[PDB]
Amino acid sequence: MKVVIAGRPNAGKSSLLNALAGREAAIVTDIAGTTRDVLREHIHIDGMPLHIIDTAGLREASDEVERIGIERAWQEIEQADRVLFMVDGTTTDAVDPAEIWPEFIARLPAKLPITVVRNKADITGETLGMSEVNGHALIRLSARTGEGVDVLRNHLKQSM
């Protein structure tokens, strides 16, 4: 089973992958379009094996390699059993993904389950942990500090 991390550039997807995999699998920098290739890591939580999949931040890109990466990101989404929609919490106060980026949500395969991840809690000062918005699971965490990531782990085990 496959969990895809997807969202805008610099949301912290690669930072999250590395937190979940417990190794420095993906390059992380503040440059949008750092990740282009699809990065896949095998993990387990508690008897449950899954593939965690990091992808290029979604946009209309003039960088050819990044454009290909973005096409591949959408292809990963097509095959996902769950998507983690990573959001830079510093960029917006909205919590409902329909307010955050309605085109992304509308484009997702029908009934692919979505978890909304508001990252960079360390900057915003948001309360860490889980809640629900319009029926979507919502988690506030810091991929950089690890603060809140166990709540993501338990969530994956319970939900899938």
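The first residue of the sequence shown is number 1, and the count goes up from there.
Averaged over CA atoms, B-factors in the entry run higher in 35-43 than in the other of 64-72 and 35-43. The mean Cα B-factor in the deposited entry runs higher for 124-132 than for the other of 124-132 and 95-103.
In this structure the maximum Cα B-factor among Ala137, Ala11, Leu17, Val149 is found at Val149. Ranked by Cα temperature factor within the chain, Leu156 sits in the highest third according to the deposited record.
Ranked within its chain, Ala6 lands in the lowest third, by CA B factor from the PDB record. Among the modelled residues of its chain, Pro49 has a C-alpha B-factor that falls in the highest third according to the deposited record.
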